Structures are given as structure tokens and as C-alpha cells.
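Descriptive structure summary
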Amino acid sequence: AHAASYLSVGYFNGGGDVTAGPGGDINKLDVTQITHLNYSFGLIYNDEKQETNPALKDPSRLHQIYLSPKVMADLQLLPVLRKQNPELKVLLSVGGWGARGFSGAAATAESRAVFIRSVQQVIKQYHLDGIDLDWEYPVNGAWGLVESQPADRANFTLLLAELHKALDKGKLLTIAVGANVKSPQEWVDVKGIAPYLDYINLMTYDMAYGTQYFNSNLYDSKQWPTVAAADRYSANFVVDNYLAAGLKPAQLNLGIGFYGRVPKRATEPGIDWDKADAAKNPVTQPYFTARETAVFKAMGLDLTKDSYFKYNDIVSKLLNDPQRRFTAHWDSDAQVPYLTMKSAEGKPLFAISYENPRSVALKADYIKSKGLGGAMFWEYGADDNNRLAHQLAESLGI
Ligand SMILES: CC(=O)N[C@@H]1[C@@H](O)[C@H](O)[C@@H](CO)O[C@H]1O
């Protein structure tokens, strides 16, 4: 008798991000194409000894949220964005890759209460519709990138319960969660936290690591297979792993990457840790030479440091490379595009996978058939004239 109604939740890197670099121009976003904007990022004042941002080390503000000058300035624009789209909801996302402070903020009644008061204060001062927590990651700490402890799982749940209690009726509380199968298994009590959250944003991307070629494939590739089992990921695999853990699909948004990654397999040996003497018997080897790495370096991507390539830069620099060095392809099983570059020997070398309008629309179709609540994407500043967001809006009937 009636139609479904899907979210499209766009993260926007306004303040700067560890992996994605300096913040974008908020004025370039077409906010009519999204249901929700997660302005990223608020950071957390913290006492982690390895924190290298001196502002966050201010002990008088421990456990509070820090908003940089750009963040403050960008948030002053919300009245203009809301006139542009009076349906739009705007949240602040706190955290992000490499962001410290969650483990300590979560750790005691007193720390949780300071954090929650700071969340309430920020919501009221900037008139936000809610808060998104992007803790990467409870328990695991992204393998030591931020502080962590096993009490993180239970503490997160408590933080979220207390936060849900404190938040005005009508305000949104959401989180982003990782792709890794240990996230729902071990790091985050997804069933326990489900009742406190309006929706959950699945980071179904950043898969182009270890022995895997694709960054955000929907299903596994067969033409370009991942070799080590522990690296074998797809957006669908991740979704299924969260579903097995007891979440209802309508509470989930499928995260979509408006970017690509050069897989680490191109430049670093791929280790299968289930093998005998794993570090000396890599199961994949690097297929880029100085010739391929120099091309990326010349484009401002230093592959010894980062593999991140914005969609708009994929378009302008790779697809539209004047020297025609990159050839576009479609992986039929993974349901995403990828590029190859020609080796000196004449062989296609897998350079990068990403998302284009076709693949975004296929992920939308998957959202509709799997019965997910919507899409989320990282991140709006990387779109090309708002085309991928527009696609999503069209495909989801936003
Ligand atoms: C190096 C680091 O701090 N973080 C992780 C890595 O350890 C992880 O195993 C991989 C997923 O396969 O994702 C990176 O973004």
C-alpha cells in the first residue's frame, strides 16, 4: 500500500581528519541531497600521553569536546543550510580515525558526566539535532592508535545509556562502527546499545588493506580475489556480521565511500597470519615499482604514508589524466569500479577501487533489498559536484 523511506547521512570533513587531510568548504555542499549531515569532527580534550595536539591536552577541559575555530565558524552557517533544506537534520560527529579521549571519557561516572554535559552544551550553543560518536575503536583502540582497555565495551554502553537519558527528547544519538568482525563480536555490545541509538552508521569501506584489492566492494571479487582469510571483506559480509550479532537491518545505514584507496597490496607484502612462519612467507607481493609510485607521488599521494584518494580527485586526476595512464573497469562480482595502470611490461596493474554513480546506485538497491534503514557516506567534501550524493538521493527516493 505504501513506499519505504530511507536515510542518506552525509559525513562532511569540515575540521580536518587524520587520514583525509584538511577540511573542506562547507559552502560547496548541496544539502538538499541528504537527510542528515554529520559535521566532522568535534575532538575530545584528553590526558592520553601520546596526544600530539596541544589544545586537547588542556587539563581544565579534560573529557570535554573541543571545537576548532573552523568548526565553530562552519557551525555558524547552519541557519543558511537549514533554509536551503528545512528537512535537513544536522549532527556533530565527535571522534574519527585517530581521535583520542573516548576511553578515558567513558571510564568513570564522573568522566562520563563531564563529557555528556559538554555534548549538551555544544548541542544548545550550536543548535544541533544530535550527536554522532565515532570511536575508533572501543577495546581495540585501532591497534594502539588511541588508548583503549577491555572495560571500553561496557563503558561505551554505559556512556550511550547515560547520554540517551540526558539528551532532550527528539535529539538524535548515533554512532559509527567498524568493518572488522571483532567490532560486533568483541569491541562493541551492539545488542546492548541498540535501544539508545536512532541509527547505526556502518563503516563498510577501508577494506583495501593486506591482501585485499578492493576498498568498498559490495560482494567479494573473484577476478581480483583477496588471498588471506582475515583480510577477506565486503560490505555485505560486514552487514551480515552485524545482523548475526542481533541488530535489525532497519536500524543500520550502509556506509558508502566517496573515495578510493590504492591497496596496500600494490606496495607492501601481504601476510597471511594463519600461515607457518607468516612474516617470511608473504602470500602476496608488491606489484608497483618506483614507476607506479612516482605517478601517485606526483599527484600528491605518498603511498608510503597514505592510500586515500578523494572521488573528485579520482575523476579529475586519474580518470581524466591527460597522459591517459589509467583505464577504468567494472568488477561484476564486487559491483564497483576500479582502475588499472599499465606496467612497463604492458600488463594492467590494479591501482584503485572506488565508487561511481553506478556502484552507489547498486548499493542503494542493496539497501532496499536487504531492508537497511538508509545510506551513510564518507564524505561530502570528496564528492564531484554533489553527483554521488545526488545519485544516492535519486536511488533511495529521498
Ligand atoms: C594500522 C591501523 O592503526 N589501523 C588499521 C589496520 O590495523 C586494520 O587491520 C585495517 C583493516 O584491515 O585497517 C587500518 O585502517
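Residues numbered from 1 in each chain as written, not as in the entry; some residues may be left out. Heavy atoms only, no water.

The deposited coordinates, according to the entry record, derive from X-ray crystallography at 1.93 Å resolution.

On to the overall build of the protein chain. Across its full length, the protein chain holds 13 helices and 14 strands. By the compact-globule yardstick of 21 Å for 398 residues, the protein chain fits well, its C-alpha radius of gyration being 21 Å. Once the C-alpha set of the protein chain is aligned to its principal axes, its extents read approximately 60 × 50 × 45 Å. In the protein chain, once contacts between residues fewer than 6 apart in sequence are set aside, the share between residues at least 24 apart is 72%. Accessible area of the protein chain: about 16,800 Å², with a carbon and sulfur share of 52%. (Helix = DSSP H or I, 4+ residues; strand = E, 2+ residues; numbered from the N terminus. Rg over C-alpha atoms; globule rule 2.2 N^0.38 Å. Contact = heavy atoms within 4.5 Å. Areas by Shrake-Rupley, 256 points an atom, 1.4 Å probe, with all protein chains shown as cover.)

Here the amide bond leading from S40 into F41 is cis, since omega sits at 0°, within 30 degrees of zero. Looking at where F41 falls in the secondary structure, it is placed in strand 2 (residues 36-44). Cis geometry marks the peptide bond from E136 to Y137; its omega dihedral reads 0°. In this fold, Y137 is placed in the loop between strand 5 (130-134) and helix 5 (141-144). Of note, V139 is a non-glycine position whose phi angle comes to about 75°, a positive value. Secondary-structure assignment places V139 in the loop between strand 5 and helix 5.

Among all positions of helix 9 (residues 235-244), only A235, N236, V238, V239 and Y242 are buried. For helix 9, the angular spread of the buried residues around the axis is 160°, confining them to a single face. On the buried face of helix 9, the contacting elements are strand 6 (172-177), helix 7 (182-187), helix 8 (190-193), strand 7 (199-202), strand 8 (252-257) and helix 12 (357-370). (Buried < 20%, exposed > 50% of the residue type's maximum accessible area, 1.4 Å probe, protein only. Arc of directions from axis to C-beta.)

This paragraph deals with the site of the ligand. Taken together, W97, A142, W143 and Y209 make up all the residues around the ligand. Backbone polar atom of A142 to an oxygen atom of the ligand: 3.2 Å apart, as the coordinates give it. For the ligand, whose accessible area on its own is 380 Å², the fraction buried by protein is 58%. When grouped by side-chain class, the residues that make up the shell around the ligand number 4 nonpolar, no polar and no charged. (Near = heavy atom within 4 Å. Polar contact = N/O pair within 3.5 Å; in protein donor to acceptor, adjacent residues only side chain to side chain. Nonpolar A, V, L, I, M, F, W, Y, C, P; charged D, E, K, R; others polar.)

A few words on a nonpolar patch on the surface. Taken together, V18, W97, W143 and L145 make up a surface patch of nonpolar side chains, about 410 Å² in accessible area. Topologically, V18 is positioned in the loop between strand 1 (7-13) and strand 2. (Patch = residues over 30% accessible without salt bridge, like charges linked within 9 Å, V, L, I, M, F, W, Y side chains within 5 Å. Salt bridge = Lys/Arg side-chain N within 4 Å of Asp/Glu carboxyl O.)

Another aspect to go through is the domain arrangement of the protein chain. The assigned domain composition of the protein chain is domain 1 (1-257 + 355-398) and domain 2 (258-354). Inter-centroid distance (C-alpha atoms) of domain 1 to domain 2 is 26 Å. In this assembly, domain 1 packs against domain 2 so that about 3,500 Å² is buried in total across both faces, 57% of it on carbon and sulfur atoms. At the boundary of domain 1 and domain 2, one finds 1 salt bridge. In this structure, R261 engages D206 in a salt bridge whose closest nitrogen and oxygen atoms are separated by 2.7 Å. (Domains from an automatic or database assignment. Buried area = accessible area lost by both parts, 1.4 Å probe.)

Further remarks concern the nonpolar core. Residues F115, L133, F288 and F296 are the most contacted members of the largest nonpolar core, which totals 120 residues. Considering every element that reaches this core, the biggest residue donor is helix 4 (residues 109-126), with 6 residues. Taken domain by domain, the makeup of this core includes at least three residues from each of domain 1 (1-257 + 355-398) and domain 2 (258-354). (Core = buried A, V, L, I, M, F, W, Y, C linked by side-chain atoms within 4.5 Å.)

Now for the packing of aromatic side chains. Per the stated rule, a full pass over the model turns up 28 aromatic pairs. For the ring pair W224 and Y338, a centre distance of 5.7 Å and an interplane angle of 70° mean the geometry is edge-to-face. Taken together, the residues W224 in the loop between strand 7 and helix 9 and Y338 in strand 12 (residues 336-342) connect sequence positions 114 residues apart. Judged by relative accessible area, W224 falls into the buried class, the value being 16%. On the basis of relative accessible area, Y338 is assigned to the buried category, the value being 3%. Here the aromatic residues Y213, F214, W224, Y287, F288, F296, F309, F326, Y338 and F350 are joined through ring pairs into a cluster of three or more. For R358, the ring lying beneath its charged end belongs to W330, and the centroid distance is 3.9 Å. (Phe/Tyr/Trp six-rings, centres within 6.5 Å; stacked < 30°, edge-to-face > 60°. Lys NZ or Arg CZ within 6 Å of the ring centre and 35° of its normal.)

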